[PDB]
Structures are given as C-alpha cells and as structure tokens.
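One chain comes next, on its own, written out as structure tokens in the form deposited in one PDB entry.
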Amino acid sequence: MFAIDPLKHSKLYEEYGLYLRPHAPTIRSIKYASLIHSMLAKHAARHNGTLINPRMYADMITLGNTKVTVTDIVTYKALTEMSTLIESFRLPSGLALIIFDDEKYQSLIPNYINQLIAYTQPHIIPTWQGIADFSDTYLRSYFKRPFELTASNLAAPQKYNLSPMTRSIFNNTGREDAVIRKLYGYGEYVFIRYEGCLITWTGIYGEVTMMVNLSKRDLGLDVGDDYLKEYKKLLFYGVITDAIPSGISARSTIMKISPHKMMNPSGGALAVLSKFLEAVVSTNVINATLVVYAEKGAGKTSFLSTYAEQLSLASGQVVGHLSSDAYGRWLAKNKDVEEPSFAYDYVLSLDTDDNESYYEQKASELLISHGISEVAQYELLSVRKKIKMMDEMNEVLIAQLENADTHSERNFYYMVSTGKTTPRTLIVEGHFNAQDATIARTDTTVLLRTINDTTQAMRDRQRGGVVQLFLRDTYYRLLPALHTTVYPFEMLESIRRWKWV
C-alpha cells in the first residue's frame, strides 16, 4: 500500500520511471490497497476532511488485527464498514504504508494518509538523486524493474533474458529511441523518459556531480567539453549535489552525461518568491524590494540582471538592480563630499567593475599592514591568524553600519530606495546578515546558491586575489544560512508559475 495510489495516479509513478506490471498475490494486493484508498477518501469527506479515530484505522490497515462488528453504532459505522472490507481480503498480515523520501512526492500525499502516518511505522524508500531505488521489495513486486542500455551493454533483447511484461528499458546509449527500437528489436518494450541531465565533472579535489534542468539536446554539451563552454545554461539551471567546498573550477571537463529526472523546486523558496511577486503586483505597496545574499564569487550579478529582465518583461513595469558592491563604489568617491548626490542614475553609473570599492581599499591596507600581499602567503597562515585579521576587518565594517550619518549605509539605501526618479521595484544585493537592518525595509529576503566554488573562483581571477579571497572569507564568517536558500532555477520557475494579468 503506497501513500499515493498507483492505479489512479499512474502517471506520477511513470515520472519516477516506475511502470505498472500488466495484469497473483501482488496484483490482488495493489487492488485491495486502491479500494482502501477509496474507502478512506470517502470516510474523510464526511467529517471536515478528518478521520474520526486514526489509530483505529492505522491498526486495522497496517497491522490488520482489529475487527469491529455490530451484533454507539453511529460513531463506529465507518469502522464497521472498513472492518467488513478488510475482513473480506483474508490477508495474512496488514498492508504497510509506503512513502518515498522525495519532496515532490510528500506534497502530493493526501490528507488522510498524512493523518494515518502518525500512528504507523511507514516503509520509507530512499532516493539517490530524486529517483527511488529499484532494488526494494515493493518496487520490485508491483512495478517493472528497469534495464539500462549503455554503449557496452547494447545488444538485442534476446541476448539477455528480457521480456515486455517484466522489464522496462532506460536508454543511456546517446542514440535515438526509434533507432534502438527498430534496429535492435526493443519494439514491444517501454522506455522511461527523463527530462534533465546528470553531469560528472573533474574537480580539483575529486569528481563532482551536477544536476541540470535542461535536456541533453537543449544543453549543447558532450563528453569531454569544457566548464566555461555553455556556462550560462549551467548557471541558470544547474545544482551541484556534493558537499561544499566541491572543487569545481573553470578547467573541469565532462566525464559522463546521463539523462536524469528534472529537479523539483522547494516549497519555501517558491513561497518567499511568490510573496515578493505578490508585493510586486499589488497597488497597496509603494516600494517593493528583494534582498539577495550570496557568497562573494557565486556569480550573482550576472543571473540577477537576467532575473530583472525577465521580471520587467513579464510584469510590464521597470525593475531596477542595485549591485552588491554598490555602496562601496559609491563611498569610494563620495566619502569626502559633505553633500553628495544620492540619485539613481549616479549610483547606477558607478556599479561598473572598473570602479574601486572602499572595502577593497581598506582590506588591501589591512593585508599590507601584516605583510600579506600574495595568495600563497594568505594560504600559509593558520586559522587563528586569519580570524585575528577578520576581527579588525569587522572593526572597519562596523563603522558604516552603526549609525545613520550622511555617509552611512542605511542612509544610502534609504535615499536610493525613496528617491523621486528611482524605480519602484529594486533587487538589492548584500554580503552579510548584519545588513538586514540596513538594506531597505522588506518582508522577503533570500540566499542565493549557484554552482561556483567561491573560494576557487576568487583565486582564479586577477586584480588582487588576496583581497578578494580575504573578503570572501570575512563575509562567509558573517553569513550563515538563516534565510531561505534559493537556487536560480527556482527564481525563474517563480516567474514562470505566477500567473500575470
């Protein structure tokens, strides 16, 4: 007995690569579980969507020992009906409730099954990269076990002991399904279809997996290509599934590409982003603002410019974008002027990468004052020696977050966010969580994770890599994951799912 009924919702199990074996004890058991699902869905809808005695239902179904028989009747009429259903099965034991360990699966479990979970030992099937494993008891009994064809495994189905009623085929040959079908004789069989990719790279420390939400034809990459080739599709649609720091870099090549299931976006990410889009649409709100944090080197500006473009084209309004190093490049030029210009065009004209930041100057002087000038000198220090310097960098960060003077950071974002000619909706970036009291007043703030080893991406660039690595480490030391973690494909799916006009 699964949580979601495979006879009604067969297409969802087809999405995982799990096909129904054609119509035996397992064949009786799946139909009995479907009748139990229909009976529970009937009994739930008579009392506010709830079940009247869920421990009794859970015992009668999962354990299969309790029999209720009338020989009040009103309070136990549903239980007598369920008892006369289960007694007519003559099963030796009870039907164990079966859940997958996926997030997309648990959001589609019905309410009555969720009420019965709290009085049941479920059979929780793990997932590797979203696909439930096929070497389980129930998924072998009720479903077709897959068979993978590779370049080496490729043969006629007569060579192995395959059959249409037991095995389904996973084409991993890199060839068209019609060519495999009418060239080798796989015509009677059935193919599981996946929509994404799974790419293994050659990392600095080992090998690195990556899951992409694009098809292998949409993603123009083959085995042996480059990381900087087709980088934008990977940044917009890719998620590395290893522990950070995963040593991915601009030199990593492809070891293997396989078709694989598309990732499903999270609940809280789409909830916070739809909260922001509700703030964008509604006329009740004068200023809408999104606060995005990322580590220094995640490539966050290049995606959020595309996000501002897609939001402008989908919403019909004008969407601005204040960069992460906007205040530093502002304050490097205006810390001496008593009455500076807070206008949006003047600020936006200073967010180019040729302008030097104030914090990078101060950190350059701080690294010079200890004698640190090369990246190899900074790597060769101890952790306590780094933290002793990062505390002085925090002493120079606190002087701009403490008060609200005419050059404070809170005054800067107040004057830019509340200007005459500034856009209505701003996408404002930040480095660390102490800027929450300083970046403009919101109710949506997220954290952006991309496929960039941010300690490797900052030692692979010029213009003072020591200062960039030092400021990355300081900002990491001031940034936990205490807001909602959001990936870029989730930020694009938030616009694609929100209905406009």
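We number the residues from 1 along the sequence you see. Think of the rigid core as the biggest set of C-alphas that the two forms share within 1.5 Å after superposition. Only residues modelled in both forms are compared.
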Checking chain continuity here. Are there deposited residues lacking coordinates between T71 and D72, and if so is it 1 to 3, 4 to 9, or 10 or more (or none)?
10 or more
Gap size between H23 and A24, counting deposited residues with no coordinates: none, 1 to 3, 4 to 9, or 10 or more?
10 or more
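Omitted from view is the form deposited in another entry, to which the following refers.
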Please look at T438, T455, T442, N53 and say which one has a C-alpha shift reaching 2 Å or more between the shown form and the other one, core superposed.
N53
After a rigid core superposition, would you say the CA of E81 moves by 2 angstroms or more between the shown form and the other one, or not?
yes
Does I30 move appreciably between the shown form and the other one, meaning a CA displacement of 2 Å or more on the superposed rigid core?
no
Provide the ranges, sorted by sequence, of consecutive runs with at least 3 residues in which each Cα shifts 2 Å or more between the shown form and the other one, based on a superposition on the core.
42-57, 66-69, 72-85, 462-464
